[PDB]
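First the structure, in the form of structure tokens, and then the observations on it.
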Amino acid sequence: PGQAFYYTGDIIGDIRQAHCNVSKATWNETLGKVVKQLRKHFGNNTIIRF
Amino acid sequence: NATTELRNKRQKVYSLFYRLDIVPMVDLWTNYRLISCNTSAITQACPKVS
Amino acid sequence: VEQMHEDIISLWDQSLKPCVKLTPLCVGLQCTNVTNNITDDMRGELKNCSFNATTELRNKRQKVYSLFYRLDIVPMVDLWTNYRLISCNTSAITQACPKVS
Amino acid sequence: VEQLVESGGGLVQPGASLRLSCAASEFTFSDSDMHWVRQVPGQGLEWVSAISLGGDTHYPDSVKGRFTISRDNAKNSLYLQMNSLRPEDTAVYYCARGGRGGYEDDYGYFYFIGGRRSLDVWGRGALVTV
Amino acid sequence: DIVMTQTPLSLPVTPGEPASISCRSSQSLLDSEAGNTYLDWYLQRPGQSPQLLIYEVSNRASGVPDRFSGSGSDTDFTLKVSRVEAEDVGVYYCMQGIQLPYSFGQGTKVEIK
Ligand SMILES: *[C@@H]1O[C@H](CO)[C@@H](O)[C@H](O)[C@H]1NC(C)=O
Ligand SMILES: *[C@@H]1O[C@H](CO)[C@@H](O)[C@H](O)[C@H]1NC(C)=O
Ligand SMILES: *[C@@H]1O[C@H](CO)[C@@H](O)[C@H](O)[C@H]1NC(C)=O
Ligand SMILES: *[C@@H]1O[C@H](CO)[C@@H](O)[C@H](O)[C@H]1NC(C)=O
Ligand SMILES: *[C@@H]1O[C@H](CO)[C@@H](O)[C@H](O)[C@H]1NC(C)=O
Ligand SMILES: *[C@@H]1O[C@H](CO)[C@@H](O)[C@H](O)[C@H]1NC(C)=O
Ligand SMILES: *[C@@H]1O[C@H](CO)[C@@H](O)[C@H](O)[C@H]1NC(C)=O
């Protein structure tokens, strides 16, 4: 009584995986900036990998 | 088999659940159950609350 | 006026909150005509409704006959039951606590 | 297949009583409504009675106070106790299955919204002559 | 109560031509909350007399071939068959499923034309 349940009924169109698009060049530059700032704390000759 | 407005009656409900929301369970007439019913109460978020 | 309105609604809600929720009454009611002597203008305004209500033990149910006003129930087209309470499609029905004026 | 067989009947005099029964077949007499239907030898189909999952019964105006139906469930059979028969009641009587439900103690005997209400699982029929 | 009126009382049909059998319920058969309309067609044969033929609208019972698929609304409803086969000749009945009286209409007897 007054308890309404919501659920997925159906899917119209193809079923595809949800995803995120992040620009490659912008992200690469962002990681370069993070790497420089991490080298300021861990050493200029320290190899940084993610 | 879901409950409904009247305790007397029930209803056959079909829905699409994600694999991450269900857990394999062993019974004669069923295959899966909701992931959190094993450990805790599930509260539906109000659809009117953003 | 706005404060009195909100105060009366709040006190009303506080009075009714710790009371019986009447969840077992949202069942199907086998309602028939009242068999007593009914005046000309009361014909169809009161129904004799039989339902299977729960009791203390979870697995035991009792058949209960009660008289409901026509305004409290709504027809439906089930084969075996004729009426249901008007509010069971909208909300839970809280019983006012007895011995409260 | 899912098909019941009627048993009982015979030739009786006016005022006699009879106990007619239908046996369960393939779990059609467990979680299901039951109906008794009349086939008049020369007229169309007439419904006689019905019994619900919870033991509620219903009869038409021409039958009330004369025929009684019941279910015991433990012995898997439907019973019709006929009384005060008339020559007009000579006909073939048989059972049919109604809708189906289930039995969980949340609330004994439950029907489905939009479930089956047709008459199915028809037997052969017994001939009752007065 | 619900009165179910069968329009034809006799309908000879040539096996090589289509046929239409229709009836009307005196009350609406639509369950507004469920959305299902409860109507049933039955076919009586000289052998096995009772038998379920059509359940509701366009939902064939098990064992019933596609040629028996019907149509209609919540009052007047019809079966339309493209060809009447020798095994399909019998007495057709209409039943309503919304009230316990389960009133039946008159039968339509099919003849060889
Ligand atoms: C995201 O959407 C905006 C919408 O204009 C678009 O300009 C931008 O390029 C998109 N970015 C990615 C990474 O897809
Ligand atoms: C890294 O090199 C830059 C210039 O090449 C210098 O300014 C900075 O101090 C150096 N950092 C460390 C940690 O040696
Ligand atoms: C359910 O919860 C209990 C809590 O300890 C846990 O042990 C059990 O593994 C859980 N079930 C599943 C299927 O993960
Ligand atoms: C309601 O129906 C029951 C059926 O047994 C009967 O005993 C009771 O007296 C009826 N109530 C009224 C007010 O007629
Ligand atoms: C019950 O009362 C109503 C009042 O109009 C009447 O129409 C109906 O026929 C009555 N039922 C019986 C069974 O007498
Ligand atoms: C409850 O049912 C009545 C039947 O007339 C209807 O008028 C009303 O809108 C319904 N309420 C809800 C919330 O569905
Ligand atoms: C109501 O409860 C009684 C208790 O004896 C039971 O026999 C009966 O079948 C129940 N009725 C329904 C309609 O569930």
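Chain lettering (A, B, ...) mirrors the order of the structure tokens, residue numbering begins at 1 for each chain separately, and ligand numbering begins at 1 in order of display.
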request  = Extract, using only C-alpha atoms, all DNA, RNA and protein residues at most 12 Å from residue 13 in chain E, discarding same-chain residues fewer than 2 positions from it, and format them as a PyMOL selection string.
outcome  = chain E and resi 10-11+15-21+81-86+88-90+108-113
Generate a file of the selected residues that holds N, CA and C atoms, formatted as a PDB file, in the first residue's frame.
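The new file result30.pdb reads:
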```
ATOM      1  N   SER E  10     -27.294 -21.078 -35.978  1.00  0.00           N
ATOM      2  CA  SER E  10     -26.988 -22.131 -36.933  1.00  0.00           C
ATOM      3  C   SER E  10     -26.155 -21.476 -38.021  1.00  0.00           C
ATOM      4  N   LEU E  11     -25.105 -22.160 -38.471  1.00  0.00           N
ATOM      5  CA  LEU E  11     -24.218 -21.604 -39.493  1.00  0.00           C
ATOM      6  C   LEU E  11     -23.627 -22.729 -40.325  1.00  0.00           C
ATOM      7  N   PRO E  15     -16.620 -26.153 -46.499  1.00  0.00           N
ATOM      8  CA  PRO E  15     -15.205 -26.263 -46.085  1.00  0.00           C
ATOM      9  C   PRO E  15     -14.232 -25.390 -46.872  1.00  0.00           C
ATOM     10  N   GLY E  16     -14.580 -24.958 -48.079  1.00  0.00           N
ATOM     11  CA  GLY E  16     -13.726 -24.136 -48.909  1.00  0.00           C
ATOM     12  C   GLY E  16     -13.875 -22.634 -48.777  1.00  0.00           C
ATOM     13  N   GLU E  17     -14.615 -22.136 -47.792  1.00  0.00           N
ATOM     14  CA  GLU E  17     -14.858 -20.715 -47.601  1.00  0.00           C
ATOM     15  C   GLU E  17     -14.620 -20.349 -46.141  1.00  0.00           C
ATOM     16  N   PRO E  18     -14.295 -19.087 -45.849  1.00  0.00           N
ATOM     17  CA  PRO E  18     -14.123 -18.680 -44.446  1.00  0.00           C
ATOM     18  C   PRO E  18     -15.455 -18.583 -43.719  1.00  0.00           C
ATOM     19  N   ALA E  19     -15.359 -18.490 -42.391  1.00  0.00           N
ATOM     20  CA  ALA E  19     -16.525 -18.366 -41.526  1.00  0.00           C
ATOM     21  C   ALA E  19     -16.219 -17.431 -40.366  1.00  0.00           C
ATOM     22  N   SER E  20     -17.280 -16.826 -39.827  1.00  0.00           N
ATOM     23  CA  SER E  20     -17.177 -15.892 -38.710  1.00  0.00           C
ATOM     24  C   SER E  20     -18.279 -16.199 -37.706  1.00  0.00           C
ATOM     25  N   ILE E  21     -17.888 -16.468 -36.462  1.00  0.00           N
ATOM     26  CA  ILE E  21     -18.809 -16.748 -35.362  1.00  0.00           C
ATOM     27  C   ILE E  21     -18.566 -15.681 -34.306  1.00  0.00           C
ATOM     28  N   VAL E  81     -12.296 -17.818 -39.168  1.00  0.00           N
ATOM     29  CA  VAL E  81     -11.508 -18.957 -39.620  1.00  0.00           C
ATOM     30  C   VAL E  81     -11.480 -18.940 -41.142  1.00  0.00           C
ATOM     31  N   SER E  82     -10.281 -19.104 -41.708  1.00  0.00           N
ATOM     32  CA  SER E  82     -10.128 -19.051 -43.157  1.00  0.00           C
ATOM     33  C   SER E  82     -10.744 -20.268 -43.835  1.00  0.00           C
ATOM     34  N   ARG E  83     -10.691 -21.430 -43.186  1.00  0.00           N
ATOM     35  CA  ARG E  83     -11.257 -22.656 -43.730  1.00  0.00           C
ATOM     36  C   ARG E  83     -11.702 -23.543 -42.579  1.00  0.00           C
ATOM     37  N   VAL E  84     -12.869 -24.161 -42.733  1.00  0.00           N
ATOM     38  CA  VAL E  84     -13.421 -25.080 -41.742  1.00  0.00           C
ATOM     39  C   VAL E  84     -13.067 -26.495 -42.179  1.00  0.00           C
ATOM     40  N   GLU E  85     -12.279 -27.178 -41.356  1.00  0.00           N
ATOM     41  CA  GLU E  85     -11.862 -28.548 -41.605  1.00  0.00           C
ATOM     42  C   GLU E  85     -12.889 -29.522 -41.035  1.00  0.00           C
ATOM     43  N   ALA E  86     -12.810 -30.772 -41.499  1.00  0.00           N
ATOM     44  CA  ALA E  86     -13.729 -31.804 -41.024  1.00  0.00           C
ATOM     45  C   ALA E  86     -13.619 -32.007 -39.518  1.00  0.00           C
ATOM     46  N   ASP E  88     -12.963 -29.696 -37.434  1.00  0.00           N
ATOM     47  CA  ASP E  88     -13.339 -28.447 -36.785  1.00  0.00           C
ATOM     48  C   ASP E  88     -14.847 -28.237 -36.696  1.00  0.00           C
ATOM     49  N   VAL E  89     -15.655 -29.223 -37.075  1.00  0.00           N
ATOM     50  CA  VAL E  89     -17.102 -29.051 -37.145  1.00  0.00           C
ATOM     51  C   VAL E  89     -17.697 -29.476 -35.808  1.00  0.00           C
ATOM     52  N   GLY E  90     -18.346 -28.537 -35.134  1.00  0.00           N
ATOM     53  CA  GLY E  90     -18.895 -28.797 -33.823  1.00  0.00           C
ATOM     54  C   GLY E  90     -19.700 -27.615 -33.337  1.00  0.00           C
ATOM     55  N   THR E 108     -23.499 -22.499 -31.440  1.00  0.00           N
ATOM     56  CA  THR E 108     -23.591 -22.375 -32.890  1.00  0.00           C
ATOM     57  C   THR E 108     -23.247 -23.731 -33.489  1.00  0.00           C
ATOM     58  N   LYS E 109     -24.210 -24.348 -34.169  1.00  0.00           N
ATOM     59  CA  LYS E 109     -24.011 -25.664 -34.762  1.00  0.00           C
ATOM     60  C   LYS E 109     -23.535 -25.497 -36.201  1.00  0.00           C
ATOM     61  N   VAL E 110     -22.372 -26.066 -36.507  1.00  0.00           N
ATOM     62  CA  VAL E 110     -21.790 -25.998 -37.844  1.00  0.00           C
ATOM     63  C   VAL E 110     -22.308 -27.175 -38.658  1.00  0.00           C
ATOM     64  N   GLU E 111     -22.735 -26.896 -39.890  1.00  0.00           N
ATOM     65  CA  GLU E 111     -23.267 -27.890 -40.809  1.00  0.00           C
ATOM     66  C   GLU E 111     -22.418 -27.921 -42.074  1.00  0.00           C
ATOM     67  N   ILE E 112     -22.543 -29.014 -42.822  1.00  0.00           N
ATOM     68  CA  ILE E 112     -21.855 -29.171 -44.100  1.00  0.00           C
ATOM     69  C   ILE E 112     -22.755 -28.601 -45.188  1.00  0.00           C
ATOM     70  N   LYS E 113     -22.245 -27.612 -45.917  1.00  0.00           N
ATOM     71  CA  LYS E 113     -22.990 -26.957 -46.988  1.00  0.00           C
ATOM     72  C   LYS E 113     -22.553 -27.508 -48.342  1.00  0.00           C
TER      73      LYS E 113
END
```
Kindly compile the residues surrounding ligand 3 within 9 Å, counting only C-alpha atoms and all ligand atoms, and format them as an mmCIF file with N, CA, C and O atoms, in the first residue's frame.
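Once everything was written out, this is result.cif:
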```cif
data_model
loop_
_atom_site.group_PDB
_atom_site.id
_atom_site.type_symbol
_atom_site.label_atom_id
_atom_site.label_comp_id
_atom_site.auth_asym_id
_atom_site.auth_seq_id
_atom_site.Cartn_x
_atom_site.Cartn_y
_atom_site.Cartn_z
ATOM 1 N N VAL B 23 23.321 -12.563 -7.116
ATOM 2 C CA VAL B 23 24.277 -13.572 -6.676
ATOM 3 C C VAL B 23 23.670 -14.938 -6.982
ATOM 4 O O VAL B 23 22.452 -15.115 -6.797
ATOM 5 N N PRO B 24 24.448 -15.910 -7.481
ATOM 6 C CA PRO B 24 23.900 -17.253 -7.681
ATOM 7 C C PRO B 24 23.377 -17.843 -6.384
ATOM 8 O O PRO B 24 23.986 -17.706 -5.322
ATOM 9 N N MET B 25 22.229 -18.496 -6.489
ATOM 10 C CA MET B 25 21.570 -19.138 -5.369
ATOM 11 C C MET B 25 21.003 -20.443 -5.900
ATOM 12 O O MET B 25 20.690 -20.547 -7.087
ATOM 13 N N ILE B 35 21.946 -9.247 -4.300
ATOM 14 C CA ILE B 35 23.241 -9.355 -3.630
ATOM 15 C C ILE B 35 23.164 -8.966 -2.155
ATOM 16 O O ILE B 35 23.825 -9.586 -1.314
ATOM 17 N N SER B 36 22.360 -7.961 -1.807
ATOM 18 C CA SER B 36 22.337 -7.477 -0.429
ATOM 19 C C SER B 36 21.296 -8.134 0.465
ATOM 20 O O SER B 36 21.314 -7.887 1.674
ATOM 21 N N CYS B 37 20.388 -8.953 -0.067
ATOM 22 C CA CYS B 37 19.399 -9.570 0.813
ATOM 23 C C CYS B 37 20.036 -10.577 1.760
ATOM 24 O O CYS B 37 19.446 -10.899 2.796
ATOM 25 N N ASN B 38 21.230 -11.068 1.430
ATOM 26 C CA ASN B 38 21.938 -12.001 2.297
ATOM 27 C C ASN B 38 22.480 -11.336 3.555
ATOM 28 O O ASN B 38 22.585 -12.001 4.593
ATOM 29 N N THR B 39 22.804 -10.039 3.501
ATOM 30 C CA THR B 39 23.486 -9.365 4.602
ATOM 31 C C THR B 39 22.752 -8.170 5.184
ATOM 32 O O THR B 39 23.002 -7.840 6.345
ATOM 33 N N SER B 40 21.881 -7.497 4.436
ATOM 34 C CA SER B 40 21.328 -6.257 4.960
ATOM 35 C C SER B 40 20.019 -5.894 4.281
ATOM 36 O O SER B 40 19.663 -6.429 3.229
#
```
ask   = Near chain D, which residues of chain B fall within 12 Å when you count only C-alpha atoms, and what do they look like as a ChimeraX atom specification?
value = /B:1-13
Can you write just those residues out, C-alpha atoms, as a CSV table (one decimal), in the first residue's frame?
```csv
chain,number,residue,atom,x,y,z
B,1,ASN,CA,6.8,-13.5,-7.7
B,2,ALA,CA,6.2,-10.0,-6.2
B,3,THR,CA,3.7,-8.8,-3.6
B,4,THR,CA,1.2,-6.2,-4.6
B,5,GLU,CA,-1.4,-3.8,-3.2
B,6,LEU,CA,-3.5,-6.6,-1.7
B,7,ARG,CA,-2.1,-9.2,0.6
B,8,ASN,CA,-4.4,-11.8,-1.0
B,9,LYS,CA,-2.9,-11.4,-4.5
B,10,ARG,CA,0.6,-11.5,-6.0
B,11,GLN,CA,2.1,-10.8,-9.4
B,12,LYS,CA,4.6,-12.2,-11.9
B,13,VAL,CA,7.2,-9.5,-12.6
```
message = Tell me as a count of residues only which residues belonging to chain C come within 10 Å of chain E, counting only C-alpha atoms.
response = 6
ask   = Which parts of chain B does DSSP call strand (DSSP E) when run on the backbone here, written out as a list in words?
value =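 Checking each residue of chain B, the strand (DSSP E) ones are residues 2, 3, 10, 11, 22, 23, 24, 32, 33 and 34 of chain B.
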For chain A, the nearest of the candidates C:24, C:40, C:3, C:47, counting only C-alpha atoms =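 Ranking C:24, C:40, C:3, C:47 by distance to chain A, first place goes to C:24.
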Distance query residue 50 in chain D at most 7 Å, only C-alpha atoms, self and fewer than 3 positions along chain excluded, as a PDB file with N, CA and C atoms, in the first residue's frame:
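Saved file result-v8.pdb follows:
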```
ATOM      1  N   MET D  34     -11.590 -24.871  -8.692  1.00  0.00           N
ATOM      2  CA  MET D  34     -12.324 -25.959  -9.328  1.00  0.00           C
ATOM      3  C   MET D  34     -13.758 -25.551  -9.607  1.00  0.00           C
ATOM      4  N   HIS D  35     -14.305 -26.086 -10.695  1.00  0.00           N
ATOM      5  CA  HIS D  35     -15.651 -25.770 -11.139  1.00  0.00           C
ATOM      6  C   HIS D  35     -16.389 -27.056 -11.472  1.00  0.00           C
ATOM      7  N   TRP D  36     -17.702 -27.049 -11.261  1.00  0.00           N
ATOM      8  CA  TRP D  36     -18.594 -28.088 -11.757  1.00  0.00           C
ATOM      9  C   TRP D  36     -19.498 -27.467 -12.808  1.00  0.00           C
ATOM     10  N   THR D  57     -17.180 -21.011  -1.820  1.00  0.00           N
ATOM     11  CA  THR D  57     -17.980 -21.626  -2.865  1.00  0.00           C
ATOM     12  C   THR D  57     -18.932 -20.605  -3.462  1.00  0.00           C
ATOM     13  N   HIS D  58     -19.434 -20.932  -4.647  1.00  0.00           N
ATOM     14  CA  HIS D  58     -20.428 -20.097  -5.297  1.00  0.00           C
ATOM     15  C   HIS D  58     -21.305 -20.978  -6.173  1.00  0.00           C
ATOM     16  N   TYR D  59     -22.602 -20.685  -6.159  1.00  0.00           N
ATOM     17  CA  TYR D  59     -23.637 -21.410  -6.879  1.00  0.00           C
ATOM     18  C   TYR D  59     -24.557 -20.388  -7.531  1.00  0.00           C
TER      19      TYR D  59
END
```
Residue neighbourhood residue 6 in chain E, 12 Å, only C-alpha atoms, exclusion window fewer than 6 positions, as a list in words =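 After dropping sequence-adjacent residues, the list is residues 44 of chain D; 20, 21, 22, 23, 24, 25, 26, 41, 75, 76, 77, 78, 79, 91, 92, 93, 94, 95, 103, 104, 105, 106, 107, 108 and 109 of chain E.
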Give me a file of those residues, with N, CA, C and O atoms, as a compact mmCIF listing (two decimals), in the first residue's frame.
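And here's again-v7.txt as it stands now:
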```
# COMPACT_ATOMS: atom_id res chain seq x y z
N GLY D 44 -27.45 -25.96 -24.05
CA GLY D 44 -26.05 -25.58 -23.98
C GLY D 44 -25.46 -25.83 -22.60
O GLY D 44 -26.06 -26.42 -21.71
N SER E 20 -17.28 -16.83 -39.83
CA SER E 20 -17.18 -15.89 -38.71
C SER E 20 -18.28 -16.20 -37.71
O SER E 20 -19.46 -16.19 -38.06
N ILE E 21 -17.89 -16.47 -36.46
CA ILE E 21 -18.81 -16.75 -35.36
C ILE E 21 -18.57 -15.68 -34.31
O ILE E 21 -17.43 -15.51 -33.85
N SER E 22 -19.63 -15.01 -33.86
CA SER E 22 -19.49 -13.89 -32.95
C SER E 22 -20.55 -13.93 -31.86
O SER E 22 -21.60 -14.55 -32.01
N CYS E 23 -20.24 -13.25 -30.76
CA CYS E 23 -21.15 -13.14 -29.63
C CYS E 23 -20.85 -11.83 -28.91
O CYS E 23 -19.84 -11.17 -29.18
N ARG E 24 -21.76 -11.45 -28.01
CA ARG E 24 -21.63 -10.21 -27.25
C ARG E 24 -22.00 -10.42 -25.79
O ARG E 24 -23.00 -11.09 -25.47
N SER E 25 -21.19 -9.85 -24.91
CA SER E 25 -21.46 -9.83 -23.48
C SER E 25 -22.29 -8.60 -23.12
O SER E 25 -22.03 -7.50 -23.60
N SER E 26 -23.28 -8.80 -22.25
CA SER E 26 -24.12 -7.70 -21.80
C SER E 26 -23.38 -6.71 -20.91
O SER E 26 -23.87 -5.59 -20.71
N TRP E 41 -13.55 -19.11 -25.68
CA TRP E 41 -14.27 -19.86 -26.70
C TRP E 41 -14.02 -21.34 -26.46
O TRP E 41 -12.87 -21.74 -26.23
N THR E 75 -16.77 -6.36 -25.39
CA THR E 75 -18.18 -6.74 -25.39
C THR E 75 -18.46 -7.72 -26.53
O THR E 75 -18.73 -8.90 -26.29
N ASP E 76 -18.35 -7.24 -27.76
CA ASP E 76 -18.58 -8.05 -28.95
C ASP E 76 -17.25 -8.66 -29.40
O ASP E 76 -16.30 -7.92 -29.68
N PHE E 77 -17.18 -9.99 -29.45
CA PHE E 77 -15.96 -10.66 -29.89
C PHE E 77 -16.30 -11.84 -30.80
O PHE E 77 -17.38 -12.44 -30.70
N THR E 78 -15.34 -12.15 -31.67
CA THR E 78 -15.56 -12.99 -32.84
C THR E 78 -14.37 -13.93 -33.05
O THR E 78 -13.23 -13.61 -32.69
N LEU E 79 -14.66 -15.10 -33.61
CA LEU E 79 -13.68 -15.97 -34.23
C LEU E 79 -13.88 -15.90 -35.74
O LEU E 79 -15.01 -15.96 -36.23
N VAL E 91 -19.96 -27.59 -32.03
CA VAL E 91 -20.78 -26.55 -31.41
C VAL E 91 -19.87 -25.60 -30.65
O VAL E 91 -19.13 -26.02 -29.76
N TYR E 92 -19.91 -24.31 -30.99
CA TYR E 92 -19.06 -23.31 -30.37
C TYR E 92 -19.79 -22.62 -29.23
O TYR E 92 -20.99 -22.33 -29.34
N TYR E 93 -19.07 -22.34 -28.14
CA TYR E 93 -19.63 -21.68 -26.96
C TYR E 93 -18.78 -20.48 -26.57
O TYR E 93 -17.55 -20.52 -26.66
N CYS E 94 -19.45 -19.43 -26.10
CA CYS E 94 -18.84 -18.25 -25.50
C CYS E 94 -18.98 -18.30 -23.99
O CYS E 94 -20.03 -18.69 -23.47
N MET E 95 -17.92 -17.91 -23.28
CA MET E 95 -17.97 -17.79 -21.83
C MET E 95 -17.29 -16.50 -21.41
O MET E 95 -16.29 -16.08 -22.01
N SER E 103 -21.60 -17.33 -17.08
CA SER E 103 -22.70 -17.55 -18.01
C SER E 103 -22.18 -17.92 -19.40
O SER E 103 -21.20 -17.36 -19.89
N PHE E 104 -22.86 -18.88 -20.03
CA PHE E 104 -22.58 -19.32 -21.39
C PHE E 104 -23.69 -18.84 -22.31
O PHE E 104 -24.85 -18.71 -21.89
N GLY E 105 -23.34 -18.58 -23.57
CA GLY E 105 -24.32 -18.25 -24.58
C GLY E 105 -24.86 -19.49 -25.28
O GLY E 105 -24.53 -20.63 -24.96
N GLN E 106 -25.70 -19.24 -26.28
CA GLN E 106 -26.23 -20.33 -27.09
C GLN E 106 -25.13 -20.89 -27.98
O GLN E 106 -24.20 -20.17 -28.37
N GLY E 107 -25.24 -22.17 -28.30
CA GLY E 107 -24.26 -22.78 -29.17
C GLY E 107 -24.56 -22.54 -30.64
O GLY E 107 -25.71 -22.38 -31.05
N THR E 108 -23.50 -22.50 -31.44
CA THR E 108 -23.59 -22.37 -32.89
C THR E 108 -23.25 -23.73 -33.49
O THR E 108 -22.10 -24.18 -33.38
N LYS E 109 -24.21 -24.35 -34.17
CA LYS E 109 -24.01 -25.66 -34.76
C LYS E 109 -23.53 -25.50 -36.20
O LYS E 109 -24.21 -24.86 -37.02
```
message = To check your reading of the model: which residues sit at most 10 Å from ligand 4 when counting only C-alpha atoms and all ligand atoms? Write the answer as a list in words.
response =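 Selection of residues at most 10 Å from ligand 4: residues 30, 31, 32, 33, 34, 35, 36, 37, 46, 47, 48, 49, 50, 64, 65, 66 and 67 of chain C.
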Given 8 Å and only C-alpha atoms and all ligand atoms, residues near ligand 6 as an NGL selection string = (:A and (2)) or (:C and (74-75 or 86-91))
key: Environment of ligand 1 within 7 Å, counting only C-alpha atoms and all ligand atoms, reported as a list in words   = residues 21, 22 and 23 of chain A
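Minimum atom-to-atom distances from C:101, C:92, C:27, C:39 to chain D were compared using only C-alpha atoms, and the lowest value belongs to C:27.
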request  = Can you tell me which residues come within 7 Å of ligand 7 when counting only C-alpha atoms and all ligand atoms, ideally as a PyMOL selection string?
outcome  = (chain C and resi 52+61-63) or (chain D and resi 54-56+108-109)
ask   = Separation of CA of residue 82 in chain D and CA of residue 127 in chain D, in Å?
value =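 That distance, rounded to one decimal, is 13.1 Å.
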